[PDB]
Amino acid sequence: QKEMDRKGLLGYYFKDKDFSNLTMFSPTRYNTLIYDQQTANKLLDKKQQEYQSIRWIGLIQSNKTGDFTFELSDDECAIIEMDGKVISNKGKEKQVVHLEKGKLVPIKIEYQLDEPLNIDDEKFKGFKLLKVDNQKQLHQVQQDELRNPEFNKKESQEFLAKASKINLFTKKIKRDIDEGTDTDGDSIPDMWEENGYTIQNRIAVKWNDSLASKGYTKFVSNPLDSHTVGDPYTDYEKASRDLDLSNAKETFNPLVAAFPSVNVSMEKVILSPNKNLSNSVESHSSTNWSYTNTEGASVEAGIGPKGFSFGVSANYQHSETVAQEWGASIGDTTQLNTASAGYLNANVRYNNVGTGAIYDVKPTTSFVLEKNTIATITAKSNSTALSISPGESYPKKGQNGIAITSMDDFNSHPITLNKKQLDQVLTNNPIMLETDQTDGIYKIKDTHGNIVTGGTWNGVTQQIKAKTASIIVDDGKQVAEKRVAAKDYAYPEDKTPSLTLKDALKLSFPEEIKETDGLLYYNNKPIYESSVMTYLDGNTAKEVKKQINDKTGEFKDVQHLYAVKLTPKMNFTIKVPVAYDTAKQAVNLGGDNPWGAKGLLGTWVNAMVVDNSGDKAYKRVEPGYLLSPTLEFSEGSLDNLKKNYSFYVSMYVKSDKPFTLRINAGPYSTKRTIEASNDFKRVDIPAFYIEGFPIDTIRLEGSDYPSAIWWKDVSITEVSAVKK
């Protein structure tokens, strides 16, 4: 789309004579009182661009100090209000107004026609605003003399809201909401915000299904709030893209907040017994973005009739908190294992894992090991403040991180660890990095349309949190956090549009998430509910169970986690699978009498895939005696599993008798007794990959003959590094 200035006025073009049925609104194009026809003609057939009333609204400044009267080119049907005063009324009652050069004052111009006029009529193209000086010398008011309303100012919202409820001709306040009313003064009529609108090159129209095929986005927003998600930008500034285009493109939707999230990660982590770092041990270190949300979580299962499950953290934290895990040593640890102190060095990297651009920030970071602070980065290490775009890092990806020993807080020294602490790091107790971003700023537009600093992110963080739910997606390589519009269903005057968790994933990940055959994929990997492991806080767990358990009211059709209607301060962490097996991509071995099934992870011995009218699942083979289905992992199928890591192996299962689910990894094997179910239910079993003890098989060991076992949607998701 065009990057447009805030010059000219904002034009409202109505079908009816009484400013009640708005057809389109747009800023006015250079030295005219009309709009861009190339864009308008794509949004609305030329034949429907015929209007019986027009309002132009915004600000005027004179290019010279003086005493002026005003007129429209067709003056007998125009009324002009300036600074709340009627200064011309159908060509009569002209007031002389003193205007100081460069001083913007509110202006509202209204025009009524006795029959509809097409925008392409001579008269429409001819409309101008004229300024008459003390000599009765006539001047067209120039584009640089005009500005749009200052959308983010309360006084401008009051001016727009008032203009939507009355007009200068009849002077009778509207008794009820119509298709012109703009209660919150964000420029977009209440009924458009509820029922749908689109904007292209700052031309806004009501939604029509003919706009879907042309690829336009249907926006909805809260008609009672100029900032539906509480971020620095109005609903209109977001939908119109009239904001810092460094913000992520998902934020050009009123229902997705612009919100930075700055964290710090560590790379090239070493330990030495020597202060000078000679004879350092290197590491297979890992960053665990969502550690506190997963490690030690409790699993709640058997949720609703579809029997889904989720994890619950007692220590839920957002994406500014990161865990650093040593992973494993590289090199001779003989010396380090006898030492009374160790010395840690690393490179650090700042990551903006949110959707909002942040400028001039000097983040503070604590480094905490088993509740003890071992280091702090203060403003002192970033005398040159940072500016980081969403999804980017400083230093940028492909550049080395910053050595801790080079940063001013560290005085050219590594991090000292006492003997106990050195053992804690080597045994995969995490170093927690918690980062704060309280001086970082965002950019806005001032009354003349200039880019200025708008304020600190700290100043908008409360309102964003109060109006949104948080979604964190962690694929074990990077993390991303989104804040999306949420609704309090207990408060009917909260007119925020309803959004599900699935709808929110689609809106907030426009590049990474696609929907294929009704299921979401994240960078071509599964992110559908049966494939992922989702972690909640206690509040969110209670809210989800309430919606599932409601069979009759607002939530009667909520039966799955991804169908949950978002409520304020809900928190979700989604772990994307590192391996998965779907019966939809499996083939039977043995032709007419199958004995096994080959899928994405390997061969299920003593299983076959069954198609029931398009619905595929695995079933245990039934030759007349008990067998145990056994997944023989193929060479390479578990190459994505981190060493010295814990996981969940999850699947949906149904059996008429109990069975034992076994993960064989030698001395690190796990097992669970699974109760009989009438319906598929999700089961989640912990699994361990300890270096030297690969995961060899999954086995479903039955109890009882005769019986049946069916399963589908096997997934493996990361938890965290295994403590030694």
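Throughout, we count residues from 1 along the sequence that is shown.
Once the C-alpha B-factors are averaged per stretch, 93-101 and 534-542 rank with 93-101 first. Annotation for 268-276 versus 171-179: the higher mean temperature factor (C-alpha) is found in 171-179. Note on the listed residues 649, 358, 239, 587: the highest Cα temperature factor in the record is that of 587. Per the deposited record, 557 carries the highest C-alpha B-factor of all listed residues (235, 557, 434, 250). For residue 707, the recorded CA temperature factor ranks within the middle third of the chain's modelled residues. Among all modelled residues in its chain, residue 67 ranks in the highest third by Cα B-factor.
The entry lists a Cα temperature factor for residue 677 that places it in the highest third of the chain's modelled residues. For residue 642, the recorded CA temperature factor ranks within the middle third of the chain's modelled residues. Remark: residue 46 belongs to the highest third of its chain, ranked by C-alpha B-factor as recorded.
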